[PDB]
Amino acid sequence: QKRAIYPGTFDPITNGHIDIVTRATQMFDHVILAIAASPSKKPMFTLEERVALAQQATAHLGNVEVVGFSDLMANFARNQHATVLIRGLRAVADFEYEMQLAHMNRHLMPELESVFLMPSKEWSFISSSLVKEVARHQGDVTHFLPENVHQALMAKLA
């Protein structure tokens, strides 16, 4: 049983995130989608909201477990008995900061291997931040979000 963790702020989870976690489940026996509380980022949705949205959005994937956490990433991964940490790679600025995080996590937990997946071309130019920005100005983001997430984002901004 190979266990992988897919951590992030997921504020909110997008179709880009869904693509990454789906490809993770095709590679590893069990995938933990781990939502960081991230108070420093002032998330639009609470951790409880983000967990519920991701749970509904991944219910069709049998080997996904959605969990919220505030611990240090490396500690949470060890405590989940994960040996693989999944991250999606979008742009150069993401890549460089991801290298930093990966080298720090390797110092904290050497047996946790960071692996990067590339999203579909369809999602390679979207982010949670960009979708929220469009929605803040009432633009149509139905294409970029799971149905349940779109409703919740519309409701939140209403």
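Residue indices: 1-based, along the sequence shown. Here, rigid core means the biggest group of C-alpha atoms that superpose within 1.5 Å across both forms.
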Worksheet, complete the sentence: The stretch that moves more in 8 other deposited structures of this protein, judged by RMS C-alpha distance from this form after core superposition, 70-78 or 84-92, is 84-92
Response to the item:
Higher Cα RMS in 8 other deposited structures of this protein relative to the shown form (core alignment), 93-101 or 23-31, goes to 93-101
Discussion item. I need to verify one thing: averaged over C-alpha atoms only, is the B-factor higher for 84-92 or for 71-79?
Written reply: 84-92
Item to complete: Report the stretch with the higher mean CA temperature factor, choosing between 146-154 and 19-27 on the basis of the entry.
Response: 146-154
Worksheet item: Looking at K132, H103, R50, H60, which has the highest Cα B-factor in the entry?
Response: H60
Worksheet item: What third of its chain, lowest, middle or highest, does the C-alpha temperature factor of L112 fall into?
Response: middle
Item to complete: Using the B-factors in the PDB entry, rank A37's C-alpha atom against the chain and give the third, lowest, middle or highest.
Response: middle
Practice prompt. Report the third (lowest, middle or highest) to which the CA temperature factor of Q55 belongs, ranking only the modelled residues of the same chain.
Written response: middle
Worksheet item: Once the chain's modelled residues are ordered by C-alpha B factor and cut into thirds, is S128 in the lowest, middle or highest one?
Response: middle
